[PDB]
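Bear in mind that the values in this text are calculations on the coordinates, not laboratory data. Virtual Cβ from ideal backbone geometry, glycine too; neighbours counted across all protein chains shown.
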Amino acid sequence: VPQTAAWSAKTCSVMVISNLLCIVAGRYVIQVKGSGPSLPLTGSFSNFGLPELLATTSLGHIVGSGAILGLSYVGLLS
Amino acid sequence: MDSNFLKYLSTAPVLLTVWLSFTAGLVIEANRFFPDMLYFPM
Amino acid sequence: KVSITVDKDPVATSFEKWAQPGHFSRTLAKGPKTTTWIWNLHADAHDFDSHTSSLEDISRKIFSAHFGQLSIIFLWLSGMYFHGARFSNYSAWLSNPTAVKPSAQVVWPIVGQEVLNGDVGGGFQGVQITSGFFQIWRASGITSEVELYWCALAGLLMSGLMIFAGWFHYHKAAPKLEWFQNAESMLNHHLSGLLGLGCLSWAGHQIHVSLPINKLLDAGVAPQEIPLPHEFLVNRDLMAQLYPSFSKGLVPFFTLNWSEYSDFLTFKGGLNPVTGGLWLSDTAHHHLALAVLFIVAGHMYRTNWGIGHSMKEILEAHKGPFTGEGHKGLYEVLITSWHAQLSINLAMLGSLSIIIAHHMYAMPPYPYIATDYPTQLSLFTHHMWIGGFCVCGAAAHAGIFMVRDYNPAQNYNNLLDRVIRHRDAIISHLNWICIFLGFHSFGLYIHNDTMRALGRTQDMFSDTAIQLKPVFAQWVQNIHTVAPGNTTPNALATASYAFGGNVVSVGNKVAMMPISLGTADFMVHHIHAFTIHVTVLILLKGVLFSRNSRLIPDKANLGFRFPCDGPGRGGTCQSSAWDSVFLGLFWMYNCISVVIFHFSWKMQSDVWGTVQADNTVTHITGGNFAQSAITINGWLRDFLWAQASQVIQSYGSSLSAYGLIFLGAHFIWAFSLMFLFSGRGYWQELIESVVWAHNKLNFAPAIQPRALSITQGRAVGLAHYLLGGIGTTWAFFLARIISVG
Amino acid sequence: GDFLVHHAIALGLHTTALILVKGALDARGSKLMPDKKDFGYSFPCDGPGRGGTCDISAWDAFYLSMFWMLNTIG
Amino acid sequence: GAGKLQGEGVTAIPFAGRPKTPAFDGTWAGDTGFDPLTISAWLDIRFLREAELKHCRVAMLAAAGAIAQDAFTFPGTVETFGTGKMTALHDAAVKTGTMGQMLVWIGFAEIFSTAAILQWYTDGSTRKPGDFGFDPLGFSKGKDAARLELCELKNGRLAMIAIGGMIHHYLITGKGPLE
Amino acid sequence: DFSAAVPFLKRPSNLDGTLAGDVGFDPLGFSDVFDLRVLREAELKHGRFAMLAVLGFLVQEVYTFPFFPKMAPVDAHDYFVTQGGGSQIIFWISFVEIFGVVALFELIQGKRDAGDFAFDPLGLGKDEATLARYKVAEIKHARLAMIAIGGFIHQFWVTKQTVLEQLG
Ligand code: CLA
Ligand code: CLA
Ligand SMILES: CC1=C(C#C/C(C)=C/C=C/C(C)=C/C=C/C=C(C)/C=C/C=C(C)/C=C/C2=C(C)CCCC2(C)C)C(C)(C)C[C@H](O)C1
Ligand SMILES: CC1=C(C#C/C(C)=C/C=C/C(C)=C/C=C/C=C(C)/C=C/C=C(C)/C=C/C2=C(C)CCCC2(C)C)C(C)(C)C[C@H](O)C1
Ligand SMILES: CC1=C(C/C=C(\C)CCC[C@H](C)CCC[C@H](C)CCCC(C)C)C(=O)c2ccccc2C1=O
Ligand code: SF4
């Protein structure tokens, strides 16, 4: 059976980085934006909407779970 | 009762099903109370 | 915008139209001048597309019809559960599943039919059932008739809810066409909600109810002594005895420490040594993973919030140099035609049924289903038939779309147009391949029959002679046998023991053992290929030539279902897509009959049997398939003549019903040939003579009697042919397998 | 058993005779195709008009009796 | 209900500014211009305020109940349930069946709450969010109505965080709210 | 339009207050999809059965006929099922309900008032004022008895004690 390590600073860091990476990528890759306001941010993050934030965080959680499990499998995280 | 519902009940398939179910019940009960009648008793 | 919009009170609930048959149709509302009107009423009852031109009306009718179908299915399920609760031997079967035959039907003692209440076991005599409901309930963790009564109550309540929903959504709040044409939202909700939450709820039920109850049952605890599911739910210590990881809680889940759940979420593989079915602890993990997959898949399409795909964009973007415009127009076709959707969905559902039959036999999923040979055979053949029928219906509704809802203006140089523009190449090549397969699959059997009849047994295509070894299938079997530990490292056993491995035996009887492929298997597989290809030829040829051909340039005007176009051009009989479906249904019957015969003989000769104390297994037929299944005489004698003894010697037993149905199915099959070999003129003239007889007595119906239409005669012939053939096989299979298991 | 098979034979003879006699007597004309003698003995049909006229020939009656004759001799 | 405290003028996050959603017209009470995530642009303000007032009421009642259970225990409970405080008391009352009866009756009330919420969309009810007509003694009947509305929302917001703190303090120290 | 009974719930459209005991209570909207007259007939049949059931429970607890074995009201059900008296009561209730079907059809046709079977043997409802007061009283007592009979039966099942015995 693979190894799944207990919660730790490493797991939290992996999850946070996956979420941030997916947020930035969602900035680059999400073609259509919904119709509403935007979360209070300026510059590149000037049309970041709540649905886009939620979608990017969902994908970030998927990616973080996958990376955590895979790195525990190969033994690197654990 | 609605006359339209009564006409529907008077439609051919409903009447055929009800009449043949009644006939089947008649034969089944006749055979249930007087079974194995291969002949008229004389 | 994906939004809800309905019309309130579009149709008033009243019996006025119940007394006006044919109201839905303009030609039929007038009245029955002839008896053809009666048949037309039923042939056009559910052809909503021919009642009105309103897509909104058609969609509302379809929605409500679906609700009615769901209510009927729920009533069916409630009836099965109630019969299991009241008229069954389920408790005795739980006590001793390997000795008492499952039964949930009892007959009344009227004309001596009480003989059909055979000695199934457990102090109970009824009709042995082959549907697998007992094993379904055992896997679900049901251990009482009270729970089955509650299941029946739930089914009845859901049937009532569904019928009410149908009435409400036709007569009170009917959604609009904009509501119906939400493919993205509907697929999102189906995938995520319906499928994902369904398998998630089932995984929860298995983790909290099925797993511990079945653990104790396999441990040998009495069904009465096993605690109740709510006891398991609220006593985390009791559950933590059977599965020690529940003392850990959900913290591992939310911290991604999922290995803590390996005790009840595992990838063991193989079969449970006690029950002979799949590990319910594997099924729980299977359904949880499927839930995750479906909930993720259901977040792909755009509904209201910008994130997502548009299938129109995807399809229009997928085009290449060999396909011109590619998938352009398909999104519109599929959100404007119910027949195209029905064809796709029927094809997929039938293929799924076939896949399900294969897997459910090789990987018995329920406890004690594998050694219940009648259940296995019955389920396999049943789902094979459902798959074949669904595929033929897919062809029929593809043809209906091509005739009715196909518009060349909207389909220019797209994939559909290009297919129609080279249909001749497709059909000619499929014709050639069908002929080649027919030769090199059946002429091999003929060669063997002639060589065995001439005494040249060394010139045959047999394992003891010229060999045709399915090296590719054997190679795949070897891969799957060696995968555990190598290409599926964290799986303890192979997915199925059919690929190879050790015999699984339950109750001194084989549950699943390796299935070995030789020359006979090569031959039968290539015959399966031949039959599938010929059926495809018939159906695809009809669909492609539905609208026009070199023979009839204007056929869409004649319609999807027309008798002919006259005796001219040499004769234009059966030139419609409907007649293509008719012939393809004949050929589907051929294909599935061969498939189920192959299954029956192969499984009775090389898988199923009783294992002796020597560890050696003696099969029901004992290896006759390897050396007999290579000749048509072998099939006629060693399979049909040999195995028909059980059904022809069933009089005086509880299988006497199977014998009688054998004979009656023969009767109906022969009776079909009267409609299939005949024409309408003869019967119309005979009716003329009979009507003269009636008129001679100063009476005759106001509805003038007419012979069946040409299409209706073909339909009646086909229906009786299929009923007779399938019923003959039904009685034969059930009698044989219930006698020898 | 001989009684029952004899009455089966009676059914077979009578039905074969039915098909053949109907073909012979309706060969010249029926209410569906009242000008059959013009078309002859073994024409294919008269088309899908009038409800459909498949097997409306006396040859078809022969073709249909031959099934029944084979049944009865069987 | 002062436009200076709760109103179109207030801004909780100056670097962002007051949102442009229907919730921040200045008519809805307890408005401090606070919605960084812009949830009120995607969910009905009626639904959100109903949920907020339900949370306010439940958490506020729960906090008062925790303080009461620490100060004074009703006769006949300190023995029947045991001597477990707070969430241990919840477990003991679940075993007693007290919590089960509470849940059944609270669900009976929440069924009618569900009907009230649904009637906003089904039959276009004009019911104010969180308004049930419970003003028996009669306080909303005067000029203090808006003030009372603000006090309700503010005290509920205080109570939610206070009860979170109380429960977590109990989970760590094992002590009740009064420590 | 909010309901008089429930201030925060909108008054059901079909419930206009004309019928007795109508306080605007229909949160689940059965009146919206089903005929209010049929529902009222069901309500009064249920309530009449329940009121007579409550009185029967009490009178059976205190008194039982000399020719019938003495037993708690709930057990008398299973006793009479085998004895055959329950069959007779069921058959005669069914006999009256056959005419109840005709009454229901007439009610749908609008020729009758729900629950109005013209049964005033002692002439106690001759004057209107008293008739309306009596109708409100009947619906109120019907609902209360519907609650109370369930209370009685369930309390017996729990305590295995008749209600009169339990109250002390
Ligand atoms: C750096 C990060 C990281 C690391 C180290 C890993 C490492 C690993 N992941 Mg991965 N993973 C990551 C990120 C990472 N992952 C992320 C971000 C995600 C989210 C998307 C995933 C999601 C993910 C899943 C869902 C799974 C893994 C699995 C695994 C482990 C086994 C995979 C394997 O060898 O399968 C090799 C397998 C094959 C070569 C056979 C594949 C064939 C499958 C069964 C069918 C596909 C056929 C398809 C339908 C048709 C073909 C295409 C057709 C068009 C021709 C491996 C240790 C697997 C695991 O844990 O297994 C125990 C697993 O199931 N990962
Ligand atoms: C999801 C399933 C599905 C749905 C929704 C539809 C829907 C439709 N089909 Mg069908 N169809 C299906 C599956 C489906 N089909 C399958 C699987 C096939 C392949 C066999 C077909 C083949 C097919 C053809 C070839 C045609 C249709 C047509 C139609 C339309 C009208 C049908 C009608 O009026 O029936 C009303 C119902 C009947 C006439 C009853 C038929 C039942 C027969 C008589 C056999 C019943 C036997 C039964 C099982 C009992 C046997 C036991 C015995 C002892 C009594 C309608 C849109 C017609 C159409 O669109 O024409 C323009 C049409 O020509 N369908
Ligand atoms: C009964 C029971 C149990 C239980 C339980 C219970 C009752 C658990 C209750 C838990 C609760 C009420 C938690 C609340 C947490 C509040 C937080 C973290 C607030 C954060 C606010 C922030 C960050 C504000 C930020 C900002 C904002 C927005 C505004 C102002 C600025 C600033 C403050 C900076 C268990 C679980 C023990 C189990 C037992 O078997 C049964
Ligand atoms: C099984 C069986 C039998 C039987 C039987 C029989 C006859 C069983 C009968 C069961 C009955 C009548 C149950 C009634 C339950 C009523 C409830 C829960 C009312 C709740 C009302 C509420 C919450 C009102 C709330 C009220 C509302 C809404 C509005 C006003 C305010 C408020 C107070 C809040 C036997 C005896 C023959 C034995 C045999 O072996 C078979
Ligand atoms: C026998 C036969 C007839 C004559 C058969 C007719 C007219 C059928 C009429 C049968 C009656 C009216 C059906 C009712 C009686 C049945 C015993 C009940 C079963 C049928 C229902 C289930 C629908 C044709 O008209 C015909 C037309 C075209 C091709 C082949 C044939 C054909 O073979
Ligand atoms: S009528 Fe009968 S025979 Fe003549 S063409 Fe049409 S089908 Fe062929």
- Restricting attention to region D:1-45, report how many residues are crowded, with 18+ Cβ neighbours inside 10 Å, more than 12 Å from the chain's Cα centre (by Cα) and either part of a helix (DSSP H, G or I) or touching a residue at least 60 places away in the same chain (Cβ under 8 Å) (or both). 1
- Message: If the requirement is being more than 14 Å from chain E (Cβ to nearest Cβ) and in contact with a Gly (Cβ under 9 Å, 6 or more places away or on another chain), which of these qualifies: A:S18, A:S35?
- Response: A:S18
- Query: Restricting attention to region E:165-179, and to residues there that are free of Cβ contacts under 8 Å to residues at least 40 places away in the same chain and in a helix (DSSP H, G or I), which single residue is farthest from ligand 2 (Cβ to nearest atom)?
  - Reply: E:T173
- Message: Only one of C:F560, C:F545, C:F522 is among the aromatic types (F, W, Y) and within 26 Å of C:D606 (Cβ to Cβ). Can you tell me which?
- Response: C:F522
- Message: Contact list please: Cβ distance under 7 Å, first residue in region C:685-698 and at the interface with chain D (Cβ under 7 Å from one of its Cβ atoms), second residue of a type in the set (K, R) and not in a helix (DSSP H, G or I), pairs at least six apart or on different chains.
- Response: C:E688/D:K31
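Listed here are the residues, each with its yes/no results for (1) surrounded by 12 or more Cβ atoms within 10 Å (Cβ to Cβ); (2) touching a helix residue (DSSP H, G or I) at 6+ places or on another chain (Cβ under 8 Å); (3) within 11 Å of chain F (Cβ to nearest Cβ); (4) under 24 Å from F:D32 (Cα atoms).
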residue	(1), (2), (3), (4)
E:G107	no, no, no, yes
E:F112	yes, no, yes, yes
E:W120	yes, yes, yes, yes
E:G124	no, no, yes, yes
E:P129	yes, yes, yes, no
- Message: Condition first: within 13 Å of another protein chain (Cβ to nearest Cβ) and either touching a residue at least 40 places away in the same chain (Cβ under 8 Å) or not in a helix (DSSP H, G or I) (or both). Can you find one or more residues in region B:9-19 that meet it?
- Response: yes
- Message: So, in region C:716-734, exactly how many residues are buried (at least 19 other Cβ atoms within 10 Å of the Cβ) and either assigned to a loop (DSSP other than H, G, I, E, B) or within 16 Å of ligand 6 (Cβ to nearest atom) (or both)?
- Response: 2
- Message: Looking at region C:578-592, can you tell me whether even one residue there is surrounded by fewer than 19 Cβ atoms within 10 Å (Cβ to Cβ), within 14 Å of chain D (Cβ to nearest Cβ) and within 14 Å of ligand 6 (Cβ to nearest atom)?
- Response: no
- Task: Kindly indicate whether C:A45 is within 14 Å of chain B (Cβ to nearest Cβ), surrounded by fewer than 16 Cβ atoms within 10 Å (Cβ to Cβ) and either within 16 Å of ligand 2 (Cβ to nearest atom) or of a type in the set (G, A, S) (or both).
- Result: yes
- Note on the structure: With criteria (1) in contact (Cβ under 8 Å) with a residue 40 or more places away in the chain; (2) over 15 Å from the mean Cα position of the chain (by Cα), F:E138 comes up short on (2)
- Message: If I ask for residues that are more than 10 Å from every other protein chain (Cβ to nearest Cβ) and either surrounded by 16 or more Cβ atoms within 10 Å (Cβ to Cβ) or not in a loop (DSSP other than H, G, I, E, B) (or both), which ones from region C:239-255 would you list?
- Response: C:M239, C:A240, C:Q241, C:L242, C:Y243, C:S245, C:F246, C:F253
- Task: Look through region C:550-575, keep the residues that are away from ligand 5 (no atom under 16 Å from the Cβ) and among the charged types (D, E, K, R), and return whichever of them is surrounded by the most Cβ atoms within 10 Å (Cβ to Cβ).
- Result: C:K555
- The residue from C:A92, C:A104 that alone is part of a helix (DSSP H, G or I), without any contact (Cβ under 8 Å) to a residue 60 or more places away in the chain and either out of contact with any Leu (no Cβ under 6 Å at 6 or more places or on another chain) or at positive phi (or both) is C:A92
- Note on the structure: Output for Cβ contacts, cut-off 8 Å, separation at least six or different chains, first residue without any contact (Cβ under 8 Å) to a residue 12 or more places away in the chain and within 25 Å of F:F156 (Cα to Cα) in region F:76-97, second acidic (D, E) and away from ligand 4 (no atom under 14 Å from the Cβ), reads none
- Select from region D:23-74 the residues that are of a type in the set (F, W, Y) and under 25 Å from D:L13 (Cβ atoms) and write down the one among them that is nearest to the other protein chains (Cβ to nearest Cβ). D:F67
- Residue that is nearest to ligand 5 (Cβ to nearest atom), among those in region D:46-60 that are closer than 14 Å to C:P563 by Cβ and not in a loop (DSSP other than H, G, I, E, B): D:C54
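For (1) touching a residue at least 24 places away in the same chain (Cβ under 8 Å); (2) away from ligand 2 (no atom under 16 Å from the Cβ); (3) in a loop (DSSP other than H, G, I, E, B), each residue gets a yes or a no:
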site: A:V24; (1), (2), (3): no, yes, no
site: A:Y28; (1), (2), (3): no, yes, no
site: A:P40; (1), (2), (3): no, yes, yes
site: A:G43; (1), (2), (3): no, yes, yes
site: A:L53; (1), (2), (3): yes, yes, no
site: A:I62; (1), (2), (3): no, yes, no
site: A:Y73; (1), (2), (3): yes, yes, no
site: A:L76; (1), (2), (3): no, yes, yes
- Query: Could you list, in sequence order, the residues of region C:256-272 that are part of a loop (DSSP other than H, G, I, E, B) and of a type in the set (S, T, N, Q)?
  - Reply: C:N257, C:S262, C:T266, C:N272
- Can you tell which of E:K95, E:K4, E:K85 is under 27 Å from E:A145 (Cβ atoms) and either in contact with a strand residue (DSSP E or B) (Cβ under 8 Å, 6 or more places away or on another chain) or away from chain A (no Cβ under 14 Å) (or both)? E:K4
- Picked from region C:284-311 (must be more than 13 Å from chain A (Cβ to nearest Cβ) and not aliphatic (A, V, I, L, M)), the residue farthest from C:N214 (Cα to Cα) is C:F294
- Task: Please verify whether region F:62-75 includes one or more residues that are out of contact with any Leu (no Cβ under 6 Å at 6 or more places or on another chain), in a loop (DSSP other than H, G, I, E, B) and of a type in the set (A, V, I, L, M).
- Result: yes
- Complete set of residues in region C:461-499 that are free of Cβ contacts under 8 Å to residues at least 24 places away in the same chain, part of a loop (DSSP other than H, G, I, E, B) and β-branched (V, I, T): C:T487
- Item | Qualifying residues in region C:1-42 (those that are of a type in the set (S, T, Y) and surrounded by 17 or more Cβ atoms within 10 Å (Cβ to Cβ)) - the one nearest to the other protein chains (Cβ to nearest Cβ) | C:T36
- Query: From the set of residues in region C:369-393 that are under 13 Å from the mean Cα position of the chain (by Cα) and small (G, A, S), which is farthest from ligand 1 (Cβ to nearest atom)?
  - Reply: C:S378
- Message: Being among the hydroxyl-bearing types (S, T, Y) and away from every other protein chain (no Cβ under 11 Å) narrows it down to one residue among C:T729, C:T711; which is it?
- Response: C:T729
